[PDB]
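The structure appears below as structure tokens.
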Amino acid sequence: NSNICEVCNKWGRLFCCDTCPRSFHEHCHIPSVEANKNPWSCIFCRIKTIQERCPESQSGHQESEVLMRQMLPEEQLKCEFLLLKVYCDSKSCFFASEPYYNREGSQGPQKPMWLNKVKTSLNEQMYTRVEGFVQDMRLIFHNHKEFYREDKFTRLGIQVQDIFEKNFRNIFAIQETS
Ligand SMILES: [Zn+2]
Ligand SMILES: [Zn+2]
Ligand SMILES: [Zn+2]
């Protein structure tokens, strides 16, 4: 197994996957690494199994159909993975914890949003459909763009949103288009 966490790329107290060489800090993995369970399979392994059990799940989908899906176990897992993929980028640090807004010439967003809040929401089963999760994720970056206006710091929102959107299209097998 790897000697660094797959998400944050640091060493420390790591839990190793039994079916692939990835390792995780307890609260870097999503969901948090489970108490017992030997063997234990990580979220990358669990997602791969879904695809392997239903190869047709990789055919193209319309985003509008994906968003209306109810958050049954497999969609819940897919959203957890997609959130994890965003935390894997080091630029996620900017969006992880609760933000605050005091900048000359800007007003804060009406509905602040951040990754740790989406993480809690997922953990507490607060989303009933994929759309709930996706809307909160996209709101993070939209609030950032709106607040930072012409500051070049706006680009961090663009960059992390691109990571999100690529991974959304991959995980939920959205039909490729130009
Ligand atoms: Zn970690
Ligand atoms: Zn694994
Ligand atoms: Zn089948």
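Ligands are numbered from 1 in the order shown, chains are lettered A, B, ... in the order of the structure tokens, and residues start at 1 in each chain.
With a cut-off of 10 Å and using only C-alpha atoms and all ligand atoms, the polymer residues contacting ligand 3 are residues 50, 51, 52, 53, 54, 55, 56 and 57 of chain A.
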Inset, instruction - Tell me which protein, DNA and RNA residues are within 7 Å of region 156-164 of chain A, counting only C-alpha atoms, leaving out same-chain ones fewer than 4 positions away, and put them as a list in words. - result: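 What passes the distance filter is residues 86, 91, 92, 141, 144, 145 and 168 of chain A.
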Mind dumping a table of every chain A residue within 7 Å of ligand 1, with the nearest atom pair and its distance in Å to one decimal, using only C-alpha atoms and all ligand atoms, sorted by chain and rising number, as CSV?
residue,atom,partner,partner_atom_place_in_ligand_line,distance
A:5,CA,ligand 1,1 (Zn),4.6
A:6,CA,ligand 1,1 (Zn),6.5
A:7,CA,ligand 1,1 (Zn),5.1
A:8,CA,ligand 1,1 (Zn),4.1
A:9,CA,ligand 1,1 (Zn),6.2
A:10,CA,ligand 1,1 (Zn),6.0
A:24,CA,ligand 1,1 (Zn),5.6
A:25,CA,ligand 1,1 (Zn),4.5
A:28,CA,ligand 1,1 (Zn),4.6
Inset, instruction - Determine the nearest neighbour of ligand 2 from the options A:34, A:13, A:47, A:150, counting only C-alpha atoms and all ligand atoms. - result: A:47
Return as a Markdown table the residues of chain A lying at most 7 Å from ligand 2, together with the closest atom-to-atom pair for each and the distance in Å to one decimal, counting only C-alpha atoms and all ligand atoms, with rows in chain order and ascending residue number.
| residue | atom | partner | partner_atom_place_in_ligand_line | distance |
| --- | --- | --- | --- | --- |
| A:17 | CA | ligand 2 | 1 (Zn) | 4.6 |
| A:18 | CA | ligand 2 | 1 (Zn) | 6.5 |
| A:19 | CA | ligand 2 | 1 (Zn) | 5.0 |
| A:20 | CA | ligand 2 | 1 (Zn) | 4.1 |
| A:21 | CA | ligand 2 | 1 (Zn) | 6.4 |
| A:22 | CA | ligand 2 | 1 (Zn) | 5.7 |
| A:41 | CA | ligand 2 | 1 (Zn) | 5.1 |
| A:42 | CA | ligand 2 | 1 (Zn) | 4.1 |
| A:43 | CA | ligand 2 | 1 (Zn) | 6.4 |
| A:44 | CA | ligand 2 | 1 (Zn) | 5.3 |
| A:45 | CA | ligand 2 | 1 (Zn) | 4.3 |
Kindly save the residues from that selection, with C-alpha atoms included, as a short mmCIF file (atom, residue, chain, number, x, y, z; two decimals), in the first residue's frame.
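Once everything was written out, this is result.cif:
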data_model
loop_
_atom_site.label_atom_id
_atom_site.label_comp_id
_atom_site.auth_asym_id
_atom_site.auth_seq_id
_atom_site.Cartn_x
_atom_site.Cartn_y
_atom_site.Cartn_z
CA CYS A 17 -7.45 -0.47 1.29
CA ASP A 18 -7.56 -4.30 1.11
CA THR A 19 -8.38 -4.37 -2.59
CA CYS A 20 -6.13 -1.66 -4.01
CA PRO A 21 -2.91 -0.02 -2.86
CA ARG A 22 -4.50 3.32 -1.76
CA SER A 41 -12.50 -1.67 0.43
CA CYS A 42 -12.09 2.08 -0.25
CA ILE A 43 -14.51 4.30 -2.18
CA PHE A 44 -12.48 3.99 -5.37
CA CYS A 45 -12.90 0.16 -5.16
#
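For the choices A:135, A:49, A:38, A:23, the atom-to-atom distance to residue 68 (chain A) is smallest for A:135 when using only C-alpha atoms.
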Legend entry - Separation of CA of residue 93 (chain A) from CA of residue 139 (chain A), in Å and rounded to one decimal: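 One can read the CA of residue 93 (chain A) to CA of residue 139 (chain A) distance as 16.2 Å.
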Inset, instruction - Please report, as an MDAnalysis selection string, each residue of chain A to which DSSP assigns strand (DSSP E or B) when run on this structure's backbone. - result: chainID A and resid 14:16 23:25 61 70 129 174
Neighbours of region 172-176 of chain A within 12 Å (only C-alpha atoms; same-chain residues fewer than 2 positions away dropped), as a PDB file with N, CA and C atoms, in the first residue's frame?
ATOM      1  N   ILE A  47     -16.748   2.140  -6.062  1.00  0.00           N
ATOM      2  CA  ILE A  47     -17.263   2.725  -7.314  1.00  0.00           C
ATOM      3  C   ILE A  47     -16.961   1.817  -8.533  1.00  0.00           C
ATOM      4  N   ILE A  50     -19.444  -1.089  -8.752  1.00  0.00           N
ATOM      5  CA  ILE A  50     -20.738  -0.669  -9.317  1.00  0.00           C
ATOM      6  C   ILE A  50     -20.703  -0.733 -10.832  1.00  0.00           C
ATOM      7  N   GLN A  51     -19.676  -0.136 -11.425  1.00  0.00           N
ATOM      8  CA  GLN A  51     -19.479  -0.144 -12.870  1.00  0.00           C
ATOM      9  C   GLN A  51     -19.338  -1.551 -13.432  1.00  0.00           C
ATOM     10  N   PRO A  55     -22.119  -2.833 -16.420  1.00  0.00           N
ATOM     11  CA  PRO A  55     -21.324  -2.178 -17.451  1.00  0.00           C
ATOM     12  C   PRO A  55     -22.082  -1.097 -18.236  1.00  0.00           C
ATOM     13  N   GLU A  56     -23.389  -1.293 -18.423  1.00  0.00           N
ATOM     14  CA  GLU A  56     -24.236  -0.319 -19.128  1.00  0.00           C
ATOM     15  C   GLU A  56     -24.360   1.027 -18.427  1.00  0.00           C
ATOM     16  N   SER A  57     -24.066   1.051 -17.104  1.00  0.00           N
ATOM     17  CA  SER A  57     -24.048   2.287 -16.308  1.00  0.00           C
ATOM     18  C   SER A  57     -23.028   3.319 -16.856  1.00  0.00           C
ATOM     19  N   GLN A  58     -22.054   2.898 -17.666  1.00  0.00           N
ATOM     20  CA  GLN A  58     -21.140   3.801 -18.315  1.00  0.00           C
ATOM     21  C   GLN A  58     -21.573   4.379 -19.645  1.00  0.00           C
ATOM     22  N   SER A  59     -22.698   3.945 -20.202  1.00  0.00           N
ATOM     23  CA  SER A  59     -23.249   4.599 -21.394  1.00  0.00           C
ATOM     24  C   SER A  59     -23.667   6.044 -21.050  1.00  0.00           C
ATOM     25  N   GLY A  60     -23.731   6.901 -22.058  1.00  0.00           N
ATOM     26  CA  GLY A  60     -23.990   8.317 -21.808  1.00  0.00           C
ATOM     27  C   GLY A  60     -25.347   8.574 -21.203  1.00  0.00           C
ATOM     28  N   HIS A  61     -25.394   9.573 -20.299  1.00  0.00           N
ATOM     29  CA  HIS A  61     -26.606  10.074 -19.698  1.00  0.00           C
ATOM     30  C   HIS A  61     -26.781  11.566 -19.921  1.00  0.00           C
ATOM     31  N   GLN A  62     -28.034  12.005 -19.803  1.00  0.00           N
ATOM     32  CA  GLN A  62     -28.364  13.429 -19.795  1.00  0.00           C
ATOM     33  C   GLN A  62     -28.241  13.934 -18.363  1.00  0.00           C
ATOM     34  N   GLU A  63     -27.603  15.069 -18.197  1.00  0.00           N
ATOM     35  CA  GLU A  63     -27.456  15.653 -16.864  1.00  0.00           C
ATOM     36  C   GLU A  63     -28.789  15.846 -16.178  1.00  0.00           C
ATOM     37  N   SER A  64     -29.827  16.262 -16.933  1.00  0.00           N
ATOM     38  CA  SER A  64     -31.139  16.536 -16.357  1.00  0.00           C
ATOM     39  C   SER A  64     -31.734  15.278 -15.730  1.00  0.00           C
ATOM     40  N   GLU A  65     -31.509  14.117 -16.342  1.00  0.00           N
ATOM     41  CA  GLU A  65     -31.939  12.858 -15.775  1.00  0.00           C
ATOM     42  C   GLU A  65     -31.130  12.522 -14.518  1.00  0.00           C
ATOM     43  N   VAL A  66     -29.810  12.677 -14.591  1.00  0.00           N
ATOM     44  CA  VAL A  66     -28.965  12.393 -13.421  1.00  0.00           C
ATOM     45  C   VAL A  66     -29.396  13.218 -12.209  1.00  0.00           C
ATOM     46  N   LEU A  67     -29.642  14.501 -12.389  1.00  0.00           N
ATOM     47  CA  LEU A  67     -29.925  15.370 -11.267  1.00  0.00           C
ATOM     48  C   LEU A  67     -31.211  14.993 -10.531  1.00  0.00           C
ATOM     49  N   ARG A  69     -32.326  12.052 -10.046  1.00  0.00           N
ATOM     50  CA  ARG A  69     -32.256  10.757  -9.359  1.00  0.00           C
ATOM     51  C   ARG A  69     -32.364  10.942  -7.870  1.00  0.00           C
ATOM     52  N   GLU A  74     -26.478   3.870  -4.112  1.00  0.00           N
ATOM     53  CA  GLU A  74     -25.463   4.042  -5.138  1.00  0.00           C
ATOM     54  C   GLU A  74     -25.245   5.497  -5.563  1.00  0.00           C
ATOM     55  N   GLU A  75     -26.311   6.299  -5.594  1.00  0.00           N
ATOM     56  CA  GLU A  75     -26.159   7.713  -5.908  1.00  0.00           C
ATOM     57  C   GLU A  75     -25.503   8.456  -4.737  1.00  0.00           C
ATOM     58  N   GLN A  76     -25.835   8.066  -3.526  1.00  0.00           N
ATOM     59  CA  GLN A  76     -25.193   8.601  -2.334  1.00  0.00           C
ATOM     60  C   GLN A  76     -23.681   8.368  -2.416  1.00  0.00           C
ATOM     61  N   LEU A  77     -23.294   7.135  -2.721  1.00  0.00           N
ATOM     62  CA  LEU A  77     -21.881   6.799  -2.883  1.00  0.00           C
ATOM     63  C   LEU A  77     -21.188   7.597  -3.958  1.00  0.00           C
ATOM     64  N   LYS A  78     -21.837   7.726  -5.114  1.00  0.00           N
ATOM     65  CA  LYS A  78     -21.284   8.503  -6.203  1.00  0.00           C
ATOM     66  C   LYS A  78     -21.055   9.978  -5.823  1.00  0.00           C
ATOM     67  N   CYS A  79     -21.967  10.550  -5.048  1.00  0.00           N
ATOM     68  CA  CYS A  79     -21.803  11.967  -4.626  1.00  0.00           C
ATOM     69  C   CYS A  79     -20.648  12.064  -3.633  1.00  0.00           C
ATOM     70  N   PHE A  81     -17.974  10.165  -3.527  1.00  0.00           N
ATOM     71  CA  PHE A  81     -16.780  10.052  -4.326  1.00  0.00           C
ATOM     72  C   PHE A  81     -16.425  11.337  -5.061  1.00  0.00           C
ATOM     73  N   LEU A  82     -17.428  11.964  -5.662  1.00  0.00           N
ATOM     74  CA  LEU A  82     -17.273  13.204  -6.371  1.00  0.00           C
ATOM     75  C   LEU A  82     -16.782  14.300  -5.408  1.00  0.00           C
ATOM     76  N   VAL A 130     -29.838  13.837  -6.260  1.00  0.00           N
ATOM     77  CA  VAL A 130     -28.527  14.285  -6.745  1.00  0.00           C
ATOM     78  C   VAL A 130     -28.462  15.823  -6.951  1.00  0.00           C
ATOM     79  N   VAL A 134     -25.435  18.608  -6.111  1.00  0.00           N
ATOM     80  CA  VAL A 134     -24.818  19.335  -7.218  1.00  0.00           C
ATOM     81  C   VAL A 134     -25.068  20.828  -7.078  1.00  0.00           C
ATOM     82  N   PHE A 164     -14.391  19.772 -10.215  1.00  0.00           N
ATOM     83  CA  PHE A 164     -15.737  19.263  -9.967  1.00  0.00           C
ATOM     84  C   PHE A 164     -16.470  18.768 -11.233  1.00  0.00           C
ATOM     85  N   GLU A 165     -16.560  19.615 -12.247  1.00  0.00           N
ATOM     86  CA  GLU A 165     -17.376  19.345 -13.391  1.00  0.00           C
ATOM     87  C   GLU A 165     -16.864  18.154 -14.210  1.00  0.00           C
ATOM     88  N   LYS A 166     -15.566  18.060 -14.391  1.00  0.00           N
ATOM     89  CA  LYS A 166     -14.920  16.890 -15.021  1.00  0.00           C
ATOM     90  C   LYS A 166     -15.206  15.616 -14.325  1.00  0.00           C
ATOM     91  N   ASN A 167     -15.096  15.649 -12.992  1.00  0.00           N
ATOM     92  CA  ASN A 167     -15.339  14.457 -12.210  1.00  0.00           C
ATOM     93  C   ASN A 167     -16.825  14.107 -12.190  1.00  0.00           C
ATOM     94  N   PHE A 168     -17.702  15.133 -12.169  1.00  0.00           N
ATOM     95  CA  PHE A 168     -19.151  14.870 -12.262  1.00  0.00           C
ATOM     96  C   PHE A 168     -19.481  14.117 -13.555  1.00  0.00           C
ATOM     97  N   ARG A 169     -19.012  14.646 -14.679  1.00  0.00           N
ATOM     98  CA  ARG A 169     -19.224  13.998 -15.992  1.00  0.00           C
ATOM     99  C   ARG A 169     -18.691  12.550 -16.040  1.00  0.00           C
ATOM    100  N   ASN A 170     -17.510  12.304 -15.451  1.00  0.00           N
ATOM    101  CA  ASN A 170     -16.951  10.965 -15.384  1.00  0.00           C
ATOM    102  C   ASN A 170     -17.751  10.005 -14.470  1.00  0.00           C
ATOM    103  N   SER A 178     -19.554  18.153 -27.838  1.00  0.00           N
ATOM    104  CA  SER A 178     -18.810  19.408 -28.119  1.00  0.00           C
ATOM    105  C   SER A 178     -19.703  20.557 -27.709  1.00  0.00           C
TER     106      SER A 178
END
Inset, instruction - Have a look at CA of residue 126 (chain A) and CA of residue 46 (chain A) and let me know their distance in Å, one decimal. - result: 21.9 Å
Inset, instruction - Find the residue from A:122, A:138, A:97, A:106 that sits nearest to residue 32 (chain A); use only C-alpha atoms when measuring. - result: A:122
Inset, instruction - Select, from A:2, A:70, A:116, A:36, the residue with the minimum atom-to-atom distance to residue 140 (chain A), counting only C-alpha atoms. - result: A:116
Legend entry - Interatomic distance, CA of residue 133 (chain A) to CA of residue 113 (chain A) (Å, one decimal): 11.4 Å
